$ cat final-v7.txt   # compact mmCIF, C-alpha atoms
# COMPACT_ATOMS: atom_id res chain seq x y z
CA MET A 1 -27.55 7.10 -17.66
CA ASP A 2 -23.76 6.69 -17.28
CA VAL A 3 -21.84 4.21 -15.09
CA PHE A 4 -18.15 3.27 -14.71
CA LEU A 5 -17.37 -0.47 -14.73
CA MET A 6 -14.09 -2.38 -14.27
CA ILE A 7 -13.07 -6.01 -14.82
CA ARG A 8 -11.06 -7.83 -12.17
CA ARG A 9 -8.29 -10.33 -12.84
CA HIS A 10 -5.24 -11.35 -10.80
CA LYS A 11 -2.45 -8.86 -11.17
CA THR A 12 -4.55 -8.00 -14.26
CA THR A 13 -7.26 -5.30 -13.95
CA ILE A 14 -8.89 -3.52 -16.93
CA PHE A 15 -10.72 -0.21 -16.63
CA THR A 16 -13.90 -0.60 -18.71
CA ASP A 17 -16.44 2.14 -19.49
CA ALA A 18 -20.06 1.74 -20.63
CA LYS A 19 -23.54 3.28 -20.32
CA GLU A 20 -25.86 2.16 -17.50
CA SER A 21 -28.34 1.28 -20.25
CA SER A 22 -25.66 -0.20 -22.53
CA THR A 23 -25.70 -4.01 -22.20
CA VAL A 24 -23.54 -6.56 -20.36
CA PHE A 25 -22.98 -7.84 -23.92
CA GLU A 26 -21.18 -4.61 -24.87
CA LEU A 27 -18.86 -4.80 -21.84
CA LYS A 28 -18.22 -8.46 -22.80
CA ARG A 29 -16.58 -7.28 -26.05
CA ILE A 30 -13.80 -5.56 -24.07
CA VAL A 31 -12.92 -8.97 -22.60
CA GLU A 32 -12.56 -10.48 -26.10
CA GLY A 33 -10.11 -7.62 -26.72
CA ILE A 34 -8.15 -7.82 -23.46
CA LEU A 35 -8.60 -11.48 -22.49
CA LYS A 36 -10.03 -12.45 -25.90
CA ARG A 37 -12.94 -14.42 -24.38
CA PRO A 38 -16.42 -14.71 -25.89
CA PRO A 39 -19.69 -14.95 -23.98
CA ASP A 40 -19.26 -18.71 -23.42
CA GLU A 41 -16.17 -19.89 -21.49
CA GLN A 42 -16.19 -16.76 -19.30
CA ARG A 43 -18.12 -15.70 -16.19
CA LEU A 44 -18.56 -12.29 -14.51
CA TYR A 45 -18.98 -11.47 -10.80
CA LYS A 46 -20.43 -8.28 -9.29
CA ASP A 47 -20.58 -7.43 -5.56
CA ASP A 48 -19.33 -10.78 -4.19
CA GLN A 49 -21.81 -12.35 -6.66
CA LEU A 50 -22.17 -13.40 -10.31
CA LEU A 51 -22.90 -10.80 -13.01
CA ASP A 52 -25.96 -11.51 -15.20
CA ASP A 53 -25.76 -10.47 -18.88
CA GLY A 54 -29.56 -10.81 -18.98
CA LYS A 55 -29.83 -7.37 -17.39
CA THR A 56 -28.19 -3.99 -17.83
CA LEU A 57 -25.91 -2.16 -15.37
CA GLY A 58 -28.95 -0.35 -13.92
CA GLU A 59 -31.13 -3.48 -14.12
CA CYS A 60 -28.22 -5.52 -12.76
CA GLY A 61 -26.68 -3.37 -10.01
CA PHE A 62 -24.63 -0.31 -11.02
CA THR A 63 -26.76 2.74 -11.91
CA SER A 64 -24.71 5.83 -10.97
CA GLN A 65 -23.93 4.97 -7.34
CA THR A 66 -21.83 1.80 -7.74
CA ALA A 67 -19.74 2.92 -10.75
CA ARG A 68 -18.17 6.32 -11.49
CA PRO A 69 -15.11 8.54 -10.96
CA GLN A 70 -15.81 8.39 -7.20
CA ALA A 71 -16.82 4.72 -6.89
CA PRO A 72 -16.13 2.42 -9.84
CA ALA A 73 -17.66 -1.06 -10.28
CA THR A 74 -15.49 -4.19 -10.51
CA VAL A 75 -16.48 -7.45 -12.22
CA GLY A 76 -14.74 -10.82 -11.76
CA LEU A 77 -13.96 -12.63 -14.99
CA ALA A 78 -13.15 -16.34 -14.85
CA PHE A 79 -13.13 -18.95 -17.65
CA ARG A 80 -14.47 -22.44 -16.82
CA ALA A 81 -13.09 -25.13 -19.16
CA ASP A 82 -13.31 -28.77 -18.01
CA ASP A 83 -11.79 -27.76 -14.65
CA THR A 84 -10.09 -24.33 -14.60
CA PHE A 85 -10.80 -20.95 -12.95
CA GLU A 86 -9.54 -17.34 -13.12
CA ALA A 87 -11.42 -14.57 -11.28
CA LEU A 88 -13.19 -15.59 -8.03
CA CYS A 89 -10.04 -14.45 -6.23
CA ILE A 90 -8.94 -10.98 -7.26
CA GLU A 91 -5.24 -10.57 -6.56
CA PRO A 92 -4.81 -6.90 -5.66
CA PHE A 93 -1.70 -5.22 -7.10
CA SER A 94 0.96 -3.86 -4.71
CA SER A 95 -0.61 -1.68 -1.98
CA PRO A 96 0.99 -2.49 1.37
CA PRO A 97 1.30 1.20 2.37
CA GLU A 98 -2.28 2.39 1.73
CA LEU A 99 -5.26 1.61 -0.54
CA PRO A 100 -6.16 -1.34 1.69
CA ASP A 101 -8.89 -2.85 -0.51
CA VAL A 102 -9.67 -4.88 2.64
CA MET A 103 -8.43 -5.52 6.19
CA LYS A 104 -5.25 -7.18 4.86
CA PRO A 105 -3.53 -7.93 8.16
CA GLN A 106 -0.30 -9.28 6.63
CA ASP A 107 0.58 -10.99 9.93
CA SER A 108 3.17 -13.19 8.18
CA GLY A 109 3.89 -14.23 4.57
CA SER A 110 7.04 -13.17 2.69
CA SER A 111 10.29 -14.84 3.79
CA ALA A 112 8.57 -18.20 4.39
CA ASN A 113 7.06 -18.90 0.94
CA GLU A 114 3.73 -20.77 0.69
CA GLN A 115 3.13 -23.28 -2.13
CA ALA A 116 3.88 -20.53 -4.69
CA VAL A 117 2.15 -20.76 -8.09
CA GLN A 118 4.30 -21.80 -11.07
CA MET B 1 -10.52 2.22 -26.83
CA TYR B 2 -8.32 1.50 -23.79
CA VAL B 3 -4.62 1.02 -22.96
CA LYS B 4 -2.79 -1.22 -20.46
CA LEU B 5 -0.13 0.12 -18.07
CA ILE B 6 2.51 -2.18 -16.55
CA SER B 7 4.42 -1.53 -13.30
CA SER B 8 7.97 -2.68 -12.51
CA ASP B 9 6.31 -4.81 -9.80
CA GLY B 10 4.40 -6.99 -12.29
CA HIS B 11 0.86 -5.64 -11.79
CA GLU B 12 -1.12 -4.56 -14.88
CA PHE B 13 -3.87 -1.94 -15.28
CA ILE B 14 -5.74 -0.81 -18.41
CA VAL B 15 -7.35 2.63 -18.85
CA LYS B 16 -9.57 3.72 -21.78
CA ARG B 17 -7.59 5.58 -24.47
CA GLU B 18 -9.28 8.86 -23.50
CA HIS B 19 -8.80 7.84 -19.87
CA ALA B 20 -5.11 7.24 -20.61
CA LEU B 21 -4.99 10.30 -22.88
CA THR B 22 -4.61 12.22 -19.59
CA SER B 23 -0.95 11.15 -19.55
CA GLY B 24 0.19 13.16 -22.59
CA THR B 25 2.73 10.38 -23.28
CA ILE B 26 0.52 7.27 -23.19
CA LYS B 27 -1.66 8.72 -25.97
CA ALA B 28 1.38 9.40 -28.18
CA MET B 29 2.54 5.81 -27.53
CA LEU B 30 -0.71 4.29 -28.85
CA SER B 31 0.62 5.37 -32.27
CA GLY B 32 4.08 6.81 -31.51
CA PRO B 33 6.47 6.72 -34.47
CA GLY B 34 7.84 3.27 -33.56
CA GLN B 35 7.80 -0.22 -35.11
CA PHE B 36 4.76 -2.50 -34.70
CA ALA B 37 5.29 -5.85 -32.92
CA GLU B 38 3.06 -8.82 -33.82
CA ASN B 39 1.36 -7.98 -30.50
CA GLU B 40 1.51 -5.39 -27.69
CA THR B 41 -0.89 -2.71 -28.97
CA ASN B 42 -2.38 0.33 -27.18
CA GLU B 43 -0.31 -0.50 -24.08
CA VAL B 44 2.01 1.43 -21.73
CA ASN B 45 5.30 0.40 -20.11
CA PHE B 46 6.82 2.22 -17.12
CA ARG B 47 10.22 0.88 -16.00
CA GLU B 48 10.21 3.44 -13.16
CA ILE B 49 6.64 3.33 -11.81
CA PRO B 50 5.25 0.82 -9.31
CA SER B 51 1.71 -0.60 -9.61
CA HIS B 52 0.38 1.47 -6.69
CA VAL B 53 1.79 4.64 -8.32
CA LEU B 54 0.60 4.04 -11.91
CA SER B 55 -2.90 3.63 -10.46
CA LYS B 56 -2.60 6.71 -8.26
CA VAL B 57 -1.92 9.08 -11.16
CA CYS B 58 -4.29 7.03 -13.33
CA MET B 59 -7.16 8.08 -11.06
CA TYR B 60 -6.45 11.66 -12.16
CA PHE B 61 -6.44 10.38 -15.76
CA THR B 62 -10.17 9.70 -15.39
CA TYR B 63 -10.87 12.38 -12.77
CA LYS B 64 -9.36 15.02 -15.08
CA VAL B 65 -11.49 13.87 -18.04
CA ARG B 66 -14.80 14.67 -16.30
CA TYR B 67 -13.21 17.62 -14.48
CA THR B 68 -11.89 19.21 -17.68
CA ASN B 69 -15.43 20.47 -18.37
CA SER B 70 -16.31 21.21 -14.72
CA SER B 71 -14.34 24.12 -13.21
CA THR B 72 -16.16 24.38 -9.85
CA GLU B 73 -14.87 21.96 -7.18
CA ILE B 74 -11.89 19.91 -8.42
CA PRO B 75 -10.55 18.56 -5.13
CA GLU B 76 -6.93 17.46 -4.60
CA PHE B 77 -5.35 13.98 -4.36
CA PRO B 78 -4.09 12.96 -0.93
CA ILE B 79 -0.29 12.90 -0.55
CA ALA B 80 1.79 11.59 2.39
CA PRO B 81 5.00 9.86 3.45
CA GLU B 82 4.05 6.50 1.91
CA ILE B 83 2.71 7.30 -1.55
CA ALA B 84 3.36 10.29 -3.86
CA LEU B 85 7.18 10.19 -3.90
CA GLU B 86 7.21 8.01 -7.04
CA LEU B 87 4.58 10.29 -8.62
CA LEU B 88 7.17 13.10 -8.40
CA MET B 89 9.01 11.87 -11.52
CA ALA B 90 6.21 9.53 -12.65
CA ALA B 91 3.24 11.91 -12.26
CA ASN B 92 5.22 14.68 -13.98
CA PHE B 93 6.53 12.20 -16.59
CA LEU B 94 2.89 11.60 -17.57
CA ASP B 95 2.30 15.18 -18.78
CA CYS B 96 -0.95 16.55 -17.29
CA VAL C 1 -8.09 19.74 -12.85
CA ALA C 2 -4.47 18.76 -12.79
CA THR C 3 -2.74 15.39 -13.19
CA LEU C 4 -0.89 13.72 -10.29
CA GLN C 5 2.29 15.69 -11.11
CA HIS C 6 1.00 18.80 -9.29
CA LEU C 7 -0.54 16.89 -6.35
CA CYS C 8 2.79 15.10 -5.78
CA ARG C 9 4.62 18.44 -5.51
CA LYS C 10 2.20 19.56 -2.76
CA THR C 11 3.87 17.17 -0.28
CA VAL C 12 7.43 17.80 -1.50
CA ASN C 13 6.87 21.58 -1.65
CA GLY C 14 5.20 21.79 1.79
CA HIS C 15 5.95 18.40 3.40

$ encode --input "final-v7.txt" --output "structure tokens"
Amino acid sequence: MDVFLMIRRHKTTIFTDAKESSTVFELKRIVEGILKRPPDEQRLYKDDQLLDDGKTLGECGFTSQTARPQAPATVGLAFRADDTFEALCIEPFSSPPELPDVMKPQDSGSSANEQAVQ
Amino acid sequence: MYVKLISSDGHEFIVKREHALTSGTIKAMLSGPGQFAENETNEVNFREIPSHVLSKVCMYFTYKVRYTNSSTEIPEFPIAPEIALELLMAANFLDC
Amino acid sequence: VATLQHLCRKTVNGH
């Protein structure tokens, strides 16, 4: 019945809320309000995969076990125009002490610089 | 309705208005008695709260919403020598 | 339920 969803973007993450039986189309509206992107030049990703707006959170993969106050759901939003990308790689905010979204080893990478985006 | 919170680090996080209404100050900012810039609406700005901290307290912003009508378990957030120090003035600065 | 303000004091008050 209810499910918590979240959109993922580098340094940018939006907490989105919707009903498991709502409609990927409804969650899409939040993007046009935060990123201002319509259901055309934008793509969603769920569970290391691509989100399908042809199904609902429950008929897509969320129900009440992969989205809630205990375990929220994250979607990757990327816009493809000619040759550009956005999501795909979710840059996690600052969390070197705890909240290790993954096994971030951090062996080396700080006082050496690496390409750097600008 | 949702609001975006920015950390002095550069990270950004947005929580539904009601989800952010758990700050006591973020809700008043959505319409605080201030001027209106061509942009920047329903957003929060903390010049003294890092990204990892604004998200820490933010979890209670949503946890408190569904726990406000519970009154049975209501666990407690984990605190240790690594995270929680900033919440001292930041967590308290965000009302309850 | 309380915000993070009370949980943060738990460590400073005890820890």

$ residues_around --input "final-v7.txt" --residues "residue A:21" --least-positions-apart "6" --cutoff "8 Å" --atoms "all atoms listed in the file" --output "list in words"
residues 1, 2, 56, 57 and 58 of chain A

$ interface_residues --input "final-v7.txt" --of "chain B" --to "chain C" --cutoff "12 Å" --atoms "all atoms listed in the file" --output "VMD selection string"
chain B and resid 19 to 24 53 to 96

$ atom_distance --input "final-v7.txt" --atom1 "atom CA of residue A:13" --atom2 "atom CA of residue A:90"
8.9 Å

$ closest_residue --input "final-v7.txt" --among "A:70, A:23, A:12, A:42" --to "chain B" --atoms "all atoms listed in the file"
A:12

$ interface_residues --input "final-v7.txt" --of "chain B" --to "chain A" --cutoff "7 Å" --atoms "all atoms listed in the file" --output "ChimeraX atom specification"
/B:11-16,51-52,62-63,82

$ atom_distance --input "final-v7.txt" --atom1 "atom CA of residue B:7" --atom2 "atom CA of residue B:44"
9.3 Å

$ atom_distance --input "final-v7.txt" --atom1 "atom CA of residue B:17" --atom2 "atom CA of residue A:18"
13.6 Å

$ closest_residue --input "final-v7.txt" --among "B:9, B:1, B:50, B:43" --to "residue B:28" --atoms "all atoms listed in the file"
B:43

$ axis_aligned_box --input "final-v7.txt" --around "chain C" --padding-each-side "6 Å" --output "lines of an AutoDock Vina configuration file"
center_x = -0.3
center_y = 17.8
center_z = -4.9
size_x = 27.5
size_y = 20.1
size_z = 28.6

$ residues_around --input "final-v7.txt" --residues "residue B:40" --least-positions-apart "6" --cutoff "12 Å" --atoms "all atoms listed in the file" --output "ChimeraX atom specification"
/A:33-34 /B:3-6,29-31
